[PDB]
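Taking the form solved without the ligand, here's one chain by itself in structure tokens.
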């Protein structure tokens, strides 16, 4: 596939060129990844002009429909919205070709939206680092809103926070999640407005004893109904407010640089993993070592030196 032509169509907003480049970046084949490595670098100065928001929520109510509604609001307002899934179980599959795009009915047909399932990789750090490469591609292609969502039942919340500028947690009327939140939004806001309002008050009180990482921002709690689009404009205004404030201080850029280095190393460690499971003997010996350490038969360091010797 001609890479310069691919780059120009991607830079001109061609959705199929973008998908093609992402597919190359998602690929589990080394020659594919390598090809689109130059393209991403080349296009790097056109990346970053976007709000990156990570979104997670309690098993139950309303994340997909809330994202569909938030998504639909931002497109109708002139934005281009990518929605990327991170799911740790894609370390145990080979990915998804089609994904699951109609869990968000309006965005699934919204020509100004782009939806992509969790990429496959050997490690969760690898899944996430590929997501970062995908985010960069979407941004080069002119997407100014990147929503990254946790999709497993597994533990992807920290990785998604470390992929984004702002972490939104959606709750009903897991301690780790609370202190990742730059905002909490209580879902299903009149008979239940009462309940949401109260719960919001409770969560606001809980948050108080957690010192925010920066003096520039103090996480608020808000109420919404994703079902009926209520509260979303205000919710979004805060995220925008946060963008202006932490951009002025340089803190968004500072967070992004930290994340980028974390992802680089996750990819180095992914490549190490891939070597260790890349043939039968090494793979068997690696599992043997790990198993001995877990079972308390050999010490962490004995396990480690056995693994080091296979490399």
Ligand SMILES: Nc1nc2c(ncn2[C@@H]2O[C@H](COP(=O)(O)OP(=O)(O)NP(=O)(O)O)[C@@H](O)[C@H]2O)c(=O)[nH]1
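Positions refer to the first chain, counted from 1.
Here the subject shifts to the form deposited with the ligand bound, a form of this protein not shown in this document.
Q: Evaluate residue 164 for contact with the ligand in the bound PDB entry, applying a 4.5 angstroms cut-off between non-hydrogen atoms, and reply yes or no.
A: No, residue 164 is distant from the partner.
Q: With the partner left out of view, is residue 79 within 4.5 angstroms of the ligand in the bound PDB entry by any non-hydrogen atom?
A: Looking in the bound PDB entry, residue contacts with the ligand do not include residue 79, since no heavy atom lies within 4.5 Å.
Q: Test of understanding: in the bound PDB entry, would residue 63 fall inside 4.5 Å of the ligand by heavy atoms?
A: Yes, contact at 4.5 Å.
Q: Using 4.5 Å between non-hydrogen atoms, is residue 101 touching the ligand in the bound PDB entry?
A: The answer is no: residue 101 has no heavy atom within 4.5 Å of the ligand.
Q: Heavy atoms within 4.5 Å of the ligand in the bound PDB entry: which of the stretches 219-227, 200-208, 154-162, 121-129 has them?
A: Looking at the other structure, the answer is 219-227.
Q: Which residue among 134, 72, 90, 187 has a heavy atom within 4.5 angstroms of the ligand in the bound PDB entry?
A: Exactly one residue meets the criterion: 187.
Q: Considering 267, 276, 42, 58, which brings a non-hydrogen atom within 4.5 Å of the ligand in the bound PDB entry?
A: Contact check passes for 58.
Q: Under the 4.5 Å heavy atom criterion, name the residues of 283-311 that approach the ligand in the bound PDB entry, in sequence order.
A: Stretch hits: zero.
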